[PDB]
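**Q** Quick one: the structure is below, and I'll ask about it shortly.
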Amino acid sequence: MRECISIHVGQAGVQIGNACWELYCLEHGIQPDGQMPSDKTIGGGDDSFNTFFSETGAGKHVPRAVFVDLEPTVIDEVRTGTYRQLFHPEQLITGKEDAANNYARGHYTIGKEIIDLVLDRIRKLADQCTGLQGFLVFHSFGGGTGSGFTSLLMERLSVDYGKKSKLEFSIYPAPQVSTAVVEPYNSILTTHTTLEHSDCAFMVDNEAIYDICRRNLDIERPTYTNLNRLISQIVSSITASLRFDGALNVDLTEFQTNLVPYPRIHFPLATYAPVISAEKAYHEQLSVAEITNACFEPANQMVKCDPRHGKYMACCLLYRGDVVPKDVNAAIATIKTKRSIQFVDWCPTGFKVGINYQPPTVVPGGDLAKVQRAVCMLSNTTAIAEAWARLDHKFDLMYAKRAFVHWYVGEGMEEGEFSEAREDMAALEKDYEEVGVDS
Amino acid sequence: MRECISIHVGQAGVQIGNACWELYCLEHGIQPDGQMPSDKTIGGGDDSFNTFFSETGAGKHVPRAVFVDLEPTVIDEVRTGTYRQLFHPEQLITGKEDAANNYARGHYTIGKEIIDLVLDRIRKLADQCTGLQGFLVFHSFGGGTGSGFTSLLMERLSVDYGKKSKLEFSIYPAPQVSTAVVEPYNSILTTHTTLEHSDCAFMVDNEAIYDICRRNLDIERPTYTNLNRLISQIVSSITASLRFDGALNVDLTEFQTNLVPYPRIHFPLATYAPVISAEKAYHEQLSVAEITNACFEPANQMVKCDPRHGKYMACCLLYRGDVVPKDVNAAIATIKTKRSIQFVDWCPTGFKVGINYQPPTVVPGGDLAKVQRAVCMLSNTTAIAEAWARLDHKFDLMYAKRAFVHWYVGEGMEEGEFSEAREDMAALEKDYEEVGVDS
Amino acid sequence: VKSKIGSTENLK
Amino acid sequence: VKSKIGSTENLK
Amino acid sequence: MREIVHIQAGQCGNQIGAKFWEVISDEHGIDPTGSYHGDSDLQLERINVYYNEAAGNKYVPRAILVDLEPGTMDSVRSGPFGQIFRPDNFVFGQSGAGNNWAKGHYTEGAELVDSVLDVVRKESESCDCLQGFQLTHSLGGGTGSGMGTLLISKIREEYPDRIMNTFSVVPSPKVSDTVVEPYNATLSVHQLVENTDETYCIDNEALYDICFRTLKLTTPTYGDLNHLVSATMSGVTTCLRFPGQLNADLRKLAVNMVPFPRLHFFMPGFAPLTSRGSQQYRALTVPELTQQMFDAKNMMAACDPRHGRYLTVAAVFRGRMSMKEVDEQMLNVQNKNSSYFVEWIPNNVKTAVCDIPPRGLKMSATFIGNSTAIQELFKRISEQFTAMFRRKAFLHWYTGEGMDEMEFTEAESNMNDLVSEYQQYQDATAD
Amino acid sequence: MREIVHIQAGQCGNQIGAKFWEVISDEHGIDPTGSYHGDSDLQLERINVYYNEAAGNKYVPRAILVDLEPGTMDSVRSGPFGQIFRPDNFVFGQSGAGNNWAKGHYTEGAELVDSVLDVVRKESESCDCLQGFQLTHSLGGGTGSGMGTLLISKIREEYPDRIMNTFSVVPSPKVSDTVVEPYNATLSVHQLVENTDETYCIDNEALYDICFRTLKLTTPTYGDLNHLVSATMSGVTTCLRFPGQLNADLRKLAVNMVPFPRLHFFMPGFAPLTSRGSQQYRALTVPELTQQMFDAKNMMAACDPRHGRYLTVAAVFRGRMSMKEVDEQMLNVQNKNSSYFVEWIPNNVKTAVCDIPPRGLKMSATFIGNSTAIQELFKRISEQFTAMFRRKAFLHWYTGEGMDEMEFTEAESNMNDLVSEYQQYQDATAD
Ligand SMILES: Nc1nc2c(ncn2[C@@H]2O[C@H](COP(=O)(O)OP(=O)(O)OP(=O)(O)O)[C@@H](O)[C@H]2O)c(=O)[nH]1
Ligand SMILES: Nc1nc2c(ncn2[C@@H]2O[C@H](COP(=O)(O)OP(=O)(O)OP(=O)(O)O)[C@@H](O)[C@H]2O)c(=O)[nH]1
Ligand SMILES: Nc1nc2c(ncn2[C@@H]2O[C@H](COP(=O)(O)OP(=O)(O)O)[C@@H](O)[C@H]2O)c(=O)[nH]1
Ligand SMILES: Nc1nc2c(ncn2[C@@H]2O[C@H](COP(=O)(O)OP(=O)(O)O)[C@@H](O)[C@H]2O)c(=O)[nH]1
Ligand SMILES: [Mg+2]
Ligand SMILES: [Mg+2]
């Protein structure tokens, strides 16, 4: 009835997709080979998981996902792993050479070789839908494929579909921790090119999740798997309203309607609570008010920034499980009372509420404790202007010397595109400065 | 009641006939020696396979086929193989020397030696029929026997029978892949001589089937056997309406009525779907709409050409198996809606529909997966004008230097026949150009 | 070269 | 550099 | 059905034919006594292509041995497989040509040609459907050159529509084994260009280059060279004897390979060829066969094909293969190396695939290239013939046998016309 | 998929490559006979990066051995793992360069480069998707320097977009093993700075310093030095062969490590390195690997990185690790020691983590630093070259091979330009 297509671009996208699809199969009881042990009805019915899983053959559920990568390493990890029989063999699309953390490669040189194949696969998936709401694109800014090919695919999908919601789950470049030396270039170019072709891009940060795993989960040494599982919990909290009925449902279009005040400001920060280990779970009364208050703690934000340095323009609180709406009402009123949580004057109604019935599902061998309820906050705040200014300063420092510029110019990039992207980023910084002014 | 005589000329014809008769014996349960394990009724009844198999002796079914070749190699492969006891010993006709990829030899020099024997065998077969509908001639253009003797036999059959439908299954010369150096000569001469003596010639291509086996069947290294089996699937889809009852039956005359708008344009392209391996069969919902859409993909055409470069003049969709006609109606309406599938303005009703009950039969040890339904498309489009122009350009390049011309002139060919055939081919190119003009 | 089919003989 | 969103176009 | 009459002429040619019959009898499972001791049923299915049955399950090769001296005949009779030949087919004189074309063509070969033709007619009458004739000889010798050209003329007169195939050993570019080699070569080519349907250019020097460079043989004997030539011979007529996915008899090859009646001199090749040690480091794939086939250093004719253009190309493969792979390799070679193929011929390569590989191999492929680079051979022979004829060097040896000097002039003119034709067709714009 | 063509050149380079192939075959479980006898399934999943399959489950390394003297070739053939190399890839002359760059680059290497390039083309045609080329050689020698630079020029001309990586053994600051080492080094650098994508500076003296100071080896042989260099080599291309949490192929390293096209000379390192006895006193944690990596006395290039600034840094880790720990250590190093990193580049360190550690270790990490301290090496070589060229010391040995003195002047000018560029970028205020 209502379908959603997930697109996983780059290594980060594919790994987060592995985590998300493990969590989906756990929540819906789908075996790793697509079979269902309680498969009483075959060939129809509801079975609300038709949003992400399509019924094929006789008693097999195939994810509505396209995995895209330019090198075969990660997709081959997928092709020979636990869920090799889950995905359609043609949904796992690979090139032959990586983008080498080069936006120019993944956008012009290499992305042009498989963009048509990816779009044809996406078209084949979309033709099997009757109520396709939108797409979910998982990627990272500071990467190669996940930046250049992500922007190219966003442009092509904006051309082909147009009015379908285009949501992104992006790994924002951390302010201190980093992987690539040329992350500012790729991040600025991606932001410039995919800005007007995206509806809502959810921001997460590896450094903030590191800090959350250290402080809250009591994990001194987490790997990328723990980060991927937490991001998967966030994704499941976002899509649970589609996959499960609740007291107050929120489809995907309501996110872009409620969280995006202006067409150029669509970067809401992800936040999840409660995130606690199993040891301290027995010593806390995880009430609605406690989790609602923990959602606004500066130490619990999934992006390394300080919300107290800015104002909230739009906030979305998605509750799950044993949640009473009166308690949500009271907790949000208490939040509005606090003077340390500043909202813009031009948004007197600042919250959007969603309440589901399905409690969070514990992944076997996971980190998070079994809780009765959880809240995922998607807040659009002006505090991300500081992160954008930091990225702009790094970009300026690297570009004033023309460092690494030849690596992009020799791949089909015209040098003026750097200047154009930088001017647009300055304009975006001015946008964020202007919306934060009370008048 | 309704009988059809298959004629297999040349090595390609005989091998495709081996494949087709294996598939026929599998579909009708006939043992390789002509016996039937469920032979409850002997000497009559229905047993709809009387169209291709004649009841002889007491409990033996003999194919209504004539195998013709000028060298004994392939027919001796047949005479000592699995089906040595299936065919009538006099239906396997051989000369003593090959045509050596020379149209002149197989048409004048060698073909005159066995044309009377072949025609007498065909007459003996036709006298055993009461409702003979037409003939099926399997051959290849760029060959020897399969070109010269094929044209000679077509002329003689047009003289003898006249009003019986004369359908051909021809291996069109591939644009890049080739076997003989003098394929343009043989192809042009055959097309010129058999044009006015043929009712409908189905086009297939070895290069396109190579690409289909690589992309769809996931077969990196297919032999001629896989190509022959796919062509046999196409032939079975064409003749299933005669061999099996369905919701909407289509005899052989309806093909020439619906697919041939003008007497000189009777080259419809074969297309078959779904063509998938057994591995990806469990991950796809092969609905009527999916197969109907896959039939119009430029990457799934059995002839290496681009249908988007031309317009469709007549299209025939033959469905088999678990097929609901309402879904066929809706899928064809969806096809008509798409603007990328262009039809000529002078053909507002562009489709002809046939629905059978017998699902496709899997050949043991075959390549294609077991499916619940399949669609064979026979589309007459103006895109083949590009292939005809390519053949004309190759013919001109070879003939401007008089290369290989003596090999034909010394075999009874008059040199003016080359010029006459080239003029007629130019006229055919102009025909294809004229029909494609909207007015 | 001229075409041979009469596709325009009665274009009325 | 100038901003691009019209947040003050109808500040009335 | 389709039968071939093999004719041996001269030491250089009959010496090959012995090894050729060894290889052929090995392929069909016929021991040195004529008895059949094979395994596969396909070995006797087309056994009559080369072998007459001798009433008692002994098979006799349809071969005719011709020479002007009985020494090579005795050597063939005494060696292995010398007991399978029919004794009536050893036709030999007593004098010998002495590497004199005029002698062997006008006096001694003229005295022996009647008996040779009687044997040829007797062999042709016993056939079911004569496909053609097969001659093995050298061009720079005596009996070989003159006797073979005389026999070709006679048989072409008697059988005008049968196939005349000759496997000629051509003069080497560096080392000549006969002081009068240019005269014999020029006269033999003058006779060959008028009567043969296709002729293969085997050059010994190229064979030693292959044996040392590729096979890594430090002591290669004429057994090895004759074995390479015999492997080529067997690869040529494989489609006439064993079934395959694509059949191509001698006439199909002649049609697809000879664009104009006079340009029918081919450069044969063979693959795979590996040293004894390097076998464990080379995987046998169709791309590997294709890479070794279209290799200038692999040609059995000492003419670099990179100095000319390919008019036509024949590629007869043997063994279980994928047609897609072979077609893909042929197309990739034509596309990537288009600057070496003739412009006015699309699809320059003829493809044939047989099911039965040679003895001991998983698969192989025989290369038959019709390149304009053979004009190098012809021009070198013409220049040497001119240099020797201008001074009448050893011309008396040929004029004393009744031969005319105007005949030498005509032969030189025909050689130069062939050179000029080969040069005319290469680098000729297809526009 | 992504394949690398390894090229061996010279005694100093081919001698490394032998140990390199020993180590690589050990990692993938391929015994000295080419047979596979590994345990983990991941060993054959990406085996085609270095190994061609030889039709029978024997794997042949995609390596090419080049030298101007057959002695080292015989030594490689006779030693262990000498039977896995394909015999066709041993390309060698007979004369030898004699530590003369002009000779090996203009006469002997010029005579041999055609065969070497034929072998290179044959290896490149067999690939699926050629990632790049890998050369191991020395700069102060004969065959190594000149032959490798000639091959790099030729291959860069033929394959302009593939990756050209060279692991060059550079002259030592104190003890020279060749009296003409400055000339060869200067000319080799003049050729390298124009064609290579990245080059690693291995210095023997630094390797002996590591062997004595860290490994506590009293009798270190060239087995140990070549083993350290081979460990570095294997750590470089680990992400192309085994999966990991962060993948980084050769092109990603080249992009993240080379800010400007001419500054691509790196200082490789390796960790952990412990003596045999001190193993029981050192816990293996990611902080320990980080502490040993960013250590001046651990660099394999005899240039103190504390005398310059780091333009870019690559840190490729191997084994099961926490990403938080690696990122934490990298950030702590950048923050606490900020005075040694270039100001106008934020986030100087590139991070890559693989899942499979080296043989016998729980985990390790390969250091690849692009520091401006290499200007010390370049300036020392330039000063020695000037001191020798001012008196025309042994200049006749190079001018007698047809080399121009103006070419020496141009090479010196290019060396000094590289030195000046390296000095320009360090201590350049980011304001
Ligand atoms: N949270 C999280 N982040 C990841 C993960 N894997 C990679 N990343 C982030 O991705 C960024 C680098 O971009 P990649 O996704 O690895 O590069 P890519 O998309 O594959 O593009 P290429 O450069 O062509 O390889 C780093 O900053 C990482 O923090 C993951 O599993 N979880
Ligand atoms: N699809 C398919 N095509 C074939 C097959 N066998 C031969 N062909 C095609 O046939 C063409 C050559 O013509 P042939 O049929 O082999 O020649 P012929 O009809 O026997 O006539 P002759 O020249 O006298 O031998 C080639 O282009 C092949 O692609 C086959 O088994 N399947
Ligand atoms: N390949 C090959 N060439 C040979 C053999 N014997 C002789 N030749 C060549 O044939 C030439 C000599 O001609 P030959 O046939 O012996 O003279 P003839 O007997 O009078 O025809 C020389 O150039 C030899 O190189 C052989 O066994 N194999
Ligand atoms: N690390 C290492 N260095 C070597 C080895 N053999 C030689 N060298 C160095 O290479 C230099 C000699 O150059 P060399 O390659 O032998 O001369 P070439 O053969 O003409 O290229 C000397 O400075 C040696 O220190 C070795 O096995 N390992
Ligand atoms: Mg990647
Ligand atoms: Mg045939």
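Per the header: electron microscopy, 3.2 Å.
Placed from the backbone N, Cα and C atoms, the Cβ positions cover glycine too.
Below, the features straight out of Swiss-Prot:
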| type | residues | note |
| --- | --- | --- |
| MOTIF | A:1-4 | motif 'MREC motif' |
| BINDING | A:10-12, A:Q15, A:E71, A:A99, A:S140, A:143-146, A:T179, A:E183, A:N206, A:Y224, A:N228, A:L252 | GTP binding site |
| MOD_RES | A:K40 | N6-acetyllysine |
| MOD_RES | A:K40 | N6,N6,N6-trimethyllysine |
| BINDING | A:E71 | Mg(2+) binding site |
| ACT_SITE | A:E254 | active site |
**Q** Here's one to test understanding: among the recorded positions A:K40, A:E71, A:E254, whose C-alpha is closest in space to the C-alpha of A:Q15 (GTP binding site)?
**A** A:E71
**Q** Between the recorded positions A:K40, A:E71, A:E254, which lies closest to A:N228 (GTP binding site), Cα to Cα?
**A** A:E71
**Q** When the Cα-Cα distance from A:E71 (Mg(2+) binding site) is computed for each of the recorded positions A:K40, A:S140, A:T145, A:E183, A:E254, which gives the smallest value?
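**A** Going through A:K40, A:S140, A:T145, A:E183, A:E254 one by one, the Cα closest to that of A:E71 (Mg(2+) binding site) is A:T145.
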**Q** Quick test of your reading of the structure: among the recorded positions A:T145, A:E183, A:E254, whose CB sits under 6 A from ligand 1?
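**A** By the Cβ criterion, which requires under 6 Å to ligand 1, the hits are A:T145.
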**Q** For the motif 'MREC motif' (A:1-4), jot down how many residues DSSP puts in helix, in strand and in coil.
**A** 0 helix, 1 strand, 3 coil
**Q** Counting Cβ atoms within 10 Å of each candidate's own Cβ, which of the binding-site residues A:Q15, A:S140, A:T145, A:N228 comes out highest?
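**A** The residue with the most neighbouring Cβ atoms within 10 Å is A:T145.
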**Q** Among the recorded positions listed here (A:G10, A:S140, A:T145, A:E254), which has the Cα closest to the Cα of A:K40 (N6-acetyllysine)?
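**A** Result: the closest of the recorded positions to A:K40 (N6-acetyllysine) is A:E254.
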**Q** Among the recorded positions A:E71, A:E183, A:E254, which residue has the fewest other Cβ atoms within 10 Å of its own Cβ?
**A** A:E254
**Q** Enter the number of other CB atoms within 10 angstroms of the CB of the residue listed as 'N6-acetyllysine'.
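**A** The Cβ of the residue listed as 'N6-acetyllysine' has 7 Cβ neighbours within 10 Å.
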**Q** What residues, ordered by sequence, lie under 8 A Cβ-to-Cβ from A:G10 (GTP binding site) and sit at least six positions away in the same chain?
**A** A:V68, A:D69, A:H139, A:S140, A:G143, A:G144, A:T145, A:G146, A:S147, A:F149, A:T150
**Q** Would you mind reading off the Cα separation of A:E183 (GTP binding site) from A:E254 (active site), to the nearest angstrom?
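**A** Answer for this pair: 32 Å between alpha carbons.
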**Q** Reduce the DSSP letter at the residue listed as 'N6-acetyllysine' to three states and note it down.
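**A** The residue in question, the residue listed as 'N6-acetyllysine', is coil (DSSP, three-state).
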**Q** Hey, does DSSP put A:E71 (Mg(2+) binding site) in a helix, a strand, or just coil?
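**A** Its secondary structure by DSSP: coil.
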**Q** Taking DSSP three-state, what's A:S140 (GTP binding site) in: helix, strand or coil?
**A** strand
**Q** Do the recorded positions A:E71, A:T145, A:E183, A:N228, A:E254 include any whose Cβ comes within less than 8 Å of a Cβ in chain F, and which?
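**A** Answer, by Cβ distance to chain F: A:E71, A:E183.
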